[PDB]
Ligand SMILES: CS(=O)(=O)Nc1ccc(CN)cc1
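Consider the single chain below, provided in structure tokens and representing the form deposited without the named molecule.
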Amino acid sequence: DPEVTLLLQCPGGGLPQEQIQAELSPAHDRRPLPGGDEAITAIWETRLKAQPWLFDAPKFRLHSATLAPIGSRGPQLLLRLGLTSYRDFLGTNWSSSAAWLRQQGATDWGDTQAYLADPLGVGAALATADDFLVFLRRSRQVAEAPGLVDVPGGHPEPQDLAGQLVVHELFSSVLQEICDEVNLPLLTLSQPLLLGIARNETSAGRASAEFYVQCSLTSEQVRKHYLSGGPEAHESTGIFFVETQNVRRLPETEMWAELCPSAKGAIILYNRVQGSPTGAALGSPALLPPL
């Protein structure tokens, strides 16, 4: 899977909101392009002159994420965040020249991402009361990953002493994206746990935070809620479910070639952090079948 890299695997089965610190700083922003940000402005002008209904929006930028020594007391993760935008994403990560920008960043800054917008995405491994994970089929008509399989998620928009409000918006945003796309009531969802962070190498290394969320509804009840919105209530074209038993070997299935990179990140981190038991009971051969 060359199109996905793990940047962070969380300890303890995943981190709750109260264990994460954020540092939101203009030191964590993208660097101006070598020949100037006029190249971004030109791409955006060309795009608006074909699709004038498009609009810009602010986004969080991932700079880096440092985990505490394992088993320690106190805050367990520091997220270093900057600010970026949809416009800056279209002019950098989505540019035909994105690989040239990665090489230039290595040369000038010793940082392949220095000249990239790198907006932070969120995604969920969303589990049902009857032990399935939730999958969504992407429209064949959109620009990114057309016709591929995804999990619930999105790219949160801004609004430890401004830090804690930023962590709150990240955790809030993954629940809001489940409510908006899957049409589930907020009170059927658990507080999220952060499983880790994955990078999409097909989008020049932009990162997504991947979360575990439990729903109190069965797969049949989740399907009813999704469908009862009608075609205008969701961006996806269909919903489906895979038993958690079978997610263990998903990379060996024909479904794997249909998953978009950020969804592959969610399922790798689910298998490493929530799956993969460490104790004698769940590690026994009748509960953890060999192969």
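Quick note: we count residues from 1 along the sequence shown, nothing fancier.
One more form of this protein should be noted, the form solved in complex with the named molecule, which is absent from this view; the next part is about it.
Only one segment in the set 146-154, 103-111, 185-193, 212-220 has residues whose heavy atoms sit within 4.5 Å of the named molecule in the bound PDB entry; it is 146-154.
Although the partner is absent here, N246 sits close enough that one of its heavy atoms falls within 4.5 Å of the named molecule in the bound PDB entry. The named molecule in the bound PDB entry comes within 4.5 Å of no heavy atom belonging to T128.
With a 4.5 Å cutoff on heavy atoms, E45 does not count as touching the named molecule in the bound PDB entry; it lies far away. Looking at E38, you'd find every heavy atom of it more than 4.5 angstroms from the named molecule in the bound PDB entry. No residue of the trio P11, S64 and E232 has any heavy atom within 4.5 Å of the named molecule in the bound PDB entry. Counting a residue when any of its non-hydrogen atoms is within 4.5 Å of the named molecule in the bound PDB entry, there are no hits in 262-281.
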